[PDB]
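A quick write-up on the structure given underneath.
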Amino acid sequence: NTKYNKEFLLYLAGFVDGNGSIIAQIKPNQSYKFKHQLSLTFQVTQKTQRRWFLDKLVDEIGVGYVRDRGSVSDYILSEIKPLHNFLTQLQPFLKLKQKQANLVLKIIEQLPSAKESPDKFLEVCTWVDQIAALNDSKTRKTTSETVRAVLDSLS
Amino acid sequence: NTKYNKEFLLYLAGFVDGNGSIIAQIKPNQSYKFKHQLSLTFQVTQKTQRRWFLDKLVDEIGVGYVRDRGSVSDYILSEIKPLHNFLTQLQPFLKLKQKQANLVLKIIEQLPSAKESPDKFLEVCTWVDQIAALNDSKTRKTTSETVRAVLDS
DNA sequence: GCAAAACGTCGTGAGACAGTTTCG
DNA sequence: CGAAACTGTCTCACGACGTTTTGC
Ligand SMILES: [Ca+2]
Ligand SMILES: [Ca+2]
Ligand code: NA
Ligand code: NA
Ligand code: NA
Ligand code: NA
């Protein structure tokens, strides 16, 4: 696990509080046992003329990548271990997104047990609902209730 | 002048780089010698649900105020002396808005001189043009050329 | 089956001005 | 006069999702 410098973490926490997204999703996908994938993403978006800054984040954080979507680009970090390590170090300095960060860390820690039982999987999905509620969510479709119905129509 | 803690400045520089605006404007106004006001503003906007963070900035920076404009609110710092003191301490940690911050400091230092000569006023107006070019400017109207035309006439 | 990447999109939450007014 | 406040709104630069594909 990479140990990050404190001044970098302080700066990045301010950047993330004002212009970062800590996202948790439940993605319908038939290849999974409970028919959904639990997905977590740390994202930093910038107008494409500033993509260089996002490329530099890839070098500084040491993981992740950047994708382009036209007028803007996004730094994306979704690998679970690196994400846990990064958010663990960043969270003490967050003022606006600390609760989302901690809920993501909680989810990551319970992923192994969530795979073992439908009731635990559903509980972890309610934590995803909690993150969405803290975020400025506007176009969400798959929720813990979507999952509850599927699990019931399976058992 | 207030001396700020480095940890606060590091955090706020990150916040400003991603969600801050360093604004310079030339405002047509007949009560001024050169018929325009040179205006500088440091602004931090948030959805109103998070205006509490802006209210805390007023206490932490120690000057400025919050205004509400519907769905969002803005922390506003326009007083020149406190603005110069604040940006002087914040700029070493800025990575995306350092150029705008330093141009604002330069403008502030030259305000006294800009009021004694048309050419000097215009020179400072060109530094305002530079800040707007660095920003994601989209609805700007009054530029150094606007002023140049007014003064010539 | 699951991690992770790849690709795609609705509706802002800001960003950056503009115009007008106050009062030491 | 002139610094600073008061007030308004256009146009994004994101924010937070969504769906599909890759491959061990
Ligand atoms: Ca923001
Ligand atoms: Ca931004
Ligand atoms: Na919300
Ligand atoms: Na620009
Ligand atoms: Na006054
Ligand atoms: Na893989």
Side-chain angles (χ1 to χ4, degrees), chain A residues 16 18-41 43-50 63-65 67-74 76-83 97 100 111-112 114-115 128 131-132 134-143, chain B residues 18-41 43-50 63-65 67-74 76-83 97 100 108 111 115 128 131-132 134-143:
Chain A
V16 172
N19 194 105
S21 192
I22 291 178
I23 305 164
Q25 295 175 83
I26 294 157
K27 302 185 176 177
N29 189 320
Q30 304 298 117
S31 67
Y32 295 71
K33 180 177 176 181
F34 299 132
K35 314 297 186 172
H36 301 80
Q37 171 180 20
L38 282 175
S39 172
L40 304 168
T41 304
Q43 170 171 292
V44 180
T45 304
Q46 282 295 281
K47 179 171 172 69
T48 296
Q49 77 178 211
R50 287 184 289 275
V63 285
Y65 62 90
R67 72 93 177 236
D68 267 41
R69 47 165 163 143
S71 55
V72 304
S73 296
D74 309 273
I76 301 298
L77 177 53
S78 290
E79 290 181 296
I80 303 299
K81 265 81 165 180
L83 178 64
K97 295 195 176 72
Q100 289 96 136
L111 292 178
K115 272 66 155 309
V128 172
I131 292 171
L134 293 159
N135 290 342
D136 290 341
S137 180
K138 292 177 292 290
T139 59
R140 188 163 185 254
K141 308 208 171 311
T142 305
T143 69
Chain B
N19 194 101
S21 199
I22 291 182
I23 303 166
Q25 294 174 83
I26 299 159
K27 300 178 175 185
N29 190 322
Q30 296 295 161
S31 74
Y32 295 69
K33 183 177 174 182
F34 296 126
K35 315 303 178 184
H36 295 83
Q37 170 182 22
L38 288 169
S39 171
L40 303 166
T41 306
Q43 172 177 107
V44 179
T45 305
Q46 281 294 280
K47 183 175 175 56
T48 297
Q49 155 191 155
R50 289 182 291 275
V63 285
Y65 63 95
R67 70 108 172 209
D68 291 289
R69 54 170 164 129
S71 73
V72 304
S73 291
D74 309 282
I76 300 296
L77 178 56
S78 288
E79 295 185 292
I80 301 160
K81 185 174 182 179
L83 181 59
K97 296 205 179 72
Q100 288 100 136
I108 288 171
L111 287 184
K115 299 170 56 187
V128 172
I131 291 169
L134 291 163
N135 287 342
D136 291 340
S137 185
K138 294 183 289 298
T139 60
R140 190 170 186 242
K141 179 185 298 184
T142 304
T143 72

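Computed from heavy atoms alone, side chains included, the values below leave out hydrogens, waters and symmetry copies. A note on names: the letters A, B, ... follow the listed sequences, proteins ahead of strands, and every chain is numbered from 1.
A residue-by-residue look at B:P28 and A:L38 shows that A:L38 has its nearest nucleotide of DNA chain C further toward the 5' end. Residue whose closest nucleotide on DNA chain D sits further toward the 5' end, between B:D136 and B:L111: B:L111. Nearest-nucleotide mapping onto DNA chain D: of B:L77 and A:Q100, the residue sitting toward the 5' end is B:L77. Mapping A:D74 and A:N29 onto DNA chain C by nearest heavy atom places A:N29 closer to the 5' end of the strand.
A:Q37 and A:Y32 get closest at one heavy-atom pair: CD-OH, 3.1 Å. Closest non-hydrogen pair, B:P28 versus B:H36, comes out as CA-CD2, 3.6 Å.
In D:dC14, the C1'-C2'-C3'-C4' torsion is negative, which places the sugar in the south family. Sugar conformation, C:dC7: south. The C1'-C2'-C3'-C4' torsion carries a negative sign.
Between B:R140 and B:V128, the closest side-chain pair of non-hydrogen atoms falls below 4.5 Å. Side-chain contact check for A:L38 versus A:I26: some heavy-atom pair is nearer than 4.5 Å.
Side chain to side chain, B:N135 and B:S137 fail the donor-acceptor criterion of an N or O pair below 3.5 Å.
Under a 3.5 Å cut-off, the side chain of B:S71 and the backbone N or O of B:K47 do not form any donor-acceptor pair. Listed for the B:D74 side chain is no donor-acceptor partner under 3.5 Å among the backbone atoms of B:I76. Checked by atom type and distance alone, the side chain of B:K81 never pairs as donor or acceptor with a backbone atom of B:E79 at under 3.5 Å. Under the 3.5 Å distance criterion, the side-chain polar atoms of A:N19 are matched with a main-chain donor or acceptor of A:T45.
Side-chain N/O atoms of A:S71 include none lying less than 4.0 angstrom from OP1 or OP2 on D:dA13. Applying the 4.0 Å criterion to OP1 and OP2 of C:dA14, one finds that B:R50 has a side-chain N or O inside that range. At D:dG18, one or more side-chain N or O atoms of A:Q25 fall inside 4.0 Å of OP1 or OP2 (strictly under the cut-off). Here B:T139 does not reach the OP1 or OP2 of D:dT11: none of its side-chain N or O atoms lies under 4.0 Å away. In this structure, B:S21 reaches the C:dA16 phosphate: one of its side-chain N or O atoms is under 4.0 Å from OP1 or OP2. Checking the phosphate oxygens (OP1, OP2) of D:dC17, a side-chain nitrogen or oxygen of A:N135 falls inside 4.0 Å. Put simply, B:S137 has no side-chain N or O that comes within less than 4.0 Å of OP1 or OP2 on C:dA16. Residue B:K138 places none of its side-chain N or O atoms closer than 4.0 Å to OP1 or OP2 of D:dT11. Taking 4.0 angstrom as the limit, A:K81 places none of its side-chain polar atoms (N or O) nearer than this to OP1 or OP2 of C:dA3.
Rounded to an integer number of Å, the gap from B:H36 NE2 to D:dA3 P is 14 Å. Between the P atom of D:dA3 and the CD1 atom of B:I23 lies a distance of 18 Å, rounded to the nearest Å. The separation between B:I26 atom CD1 and D:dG2 atom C1' is 16 Å, rounded to whole Å. Per the geometry, CZ belonging to B:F34 stands 12 Å off P belonging to D:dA3, to the nearest Å.
Within 4.0 Å of B:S39, counting heavy atoms only, lies no atom of the nucleic acid at all. Counting non-hydrogen atoms under 4.0 angstrom, B:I76 reaches nothing in the nucleic acid. Looking at heavy-atom distances under 4.0 Å, A:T41 makes no contact with the nucleic acid at all. Nucleic acid contact for A:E79: sugar-phosphate only, since backbone atoms but no base atoms lie under 4.0 Å from a heavy atom of the residue. Looking at heavy-atom distances under 4.0 Å, A:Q46 makes contact with sugar-phosphate atoms alone, never a base. Within 4.0 Å of B:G18, counting heavy atoms only, lie sugar-phosphate atoms of the nucleic acid but no base atom.
An end-to-end axis angle of 40° holds for the helix from C:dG1-D:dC24 to C:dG24-D:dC1, taken from five base pairs per end and rounded to 10°.
Between the base of C:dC2 and the side chain of A:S31 there is a donor-acceptor pair shorter than 3.5 Å. Not a single donor-acceptor pair, N or O on each side, falls under 3.5 Å between the base of D:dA4 and the side chain of B:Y65. Side-chain N/O atoms of B:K27 and base N/O atoms of C:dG19 include a donor-acceptor pair closer than 3.5 Å. Residue-to-nucleotide contacts include a donor-acceptor pair under 3.5 Å from the side chain of A:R67 to the base of C:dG8. Below the 3.5 angstrom threshold, one finds a donor paired with an acceptor across the side chain of A:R69 and the base of C:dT9.
Closest approach to the B:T45 side chain among C:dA14, C:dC2, D:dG18 is made by C:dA14 (side chain taken as heavy atoms from C-beta onward).
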